[PDB]
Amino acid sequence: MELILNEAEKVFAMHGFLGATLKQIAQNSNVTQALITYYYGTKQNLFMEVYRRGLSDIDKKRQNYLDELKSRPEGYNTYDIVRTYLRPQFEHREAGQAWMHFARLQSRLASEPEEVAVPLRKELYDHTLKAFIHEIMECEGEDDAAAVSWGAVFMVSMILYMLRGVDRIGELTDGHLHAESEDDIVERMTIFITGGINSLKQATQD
């Protein structure tokens, strides 16, 4: 059910898709390559299963948080939607091994070959991103699709980068500023994205 996947996850996170071998994953899992192949077919499908498992929980949480929003008596807005989308990528219990590996794996996604990345994002990222765009468009004052759609692209870029867990803010401020917590990071991303979407909207026409 799970042990091979966990090991595969670790090896992919460390070496990427190309550098990972089924040899190594079989060794680390104490099984044969043939058994891994039996269950998962190709290295590419194993990689997809690792992403399927990780993103299934994340998207389930996004859906729960979005449902919560829709049950609020006093309504919700763009800020809330963005937060909802971001939270499940950054919240964990602070130990959080399972979290780390999949965070690191996603943070490397841009370096994976397009042959695996294209079908991956088509199956596992696109639908939920389109739904997020759609939800934002249903808000009051939101009737510029370009602004929201570009906003979504830039949001993704921020997610992948922050998933690295590098203290970039600290590096750039000589240690004077740091993220306080995962929630501070989510908060700052949310505000930044919400404002950016507004400015894209505002800049089209007057």
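Throughout, we count residues from 1 along the sequence that is shown.
Please compare 64-72 with 146-154 and say which has the higher mean C-alpha temperature factor in the record.
Taking the mean B-factor of the alpha carbons in each, 64-72 is higher.
So which stretch wins on mean C-alpha B-factor, 132-140 or 115-123?
Between 115-123 and 132-140, it is 132-140 that shows the higher mean C-alpha B-factor.
Go through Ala95, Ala103, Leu86, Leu109 one by one and give the residue whose Cα B-factor in the PDB entry is largest.
Answer for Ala95, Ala103, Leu86, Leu109: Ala95, with the highest C-alpha B-factor.
So where's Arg168 on the chain's Cα temperature factor ranking, which third?
According to the entry, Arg168 has a C-alpha B-factor in the chain's middle third.
Can you tell me whether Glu49 has a C-alpha B-factor in the lowest, middle or highest third compared with the other modelled residues of the same chain?
Within its chain, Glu49 is a lowest-third residue by C-alpha B-factor, going by the deposited values.
Would the CA B-factor of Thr190 place it in the lowest, middle or highest third of its chain?
Lowest third.
Among the modelled residues of its chain, does the C-alpha B-factor of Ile159 lie in the lowest, middle or highest third?
Bottom third by C-alpha B-factor.
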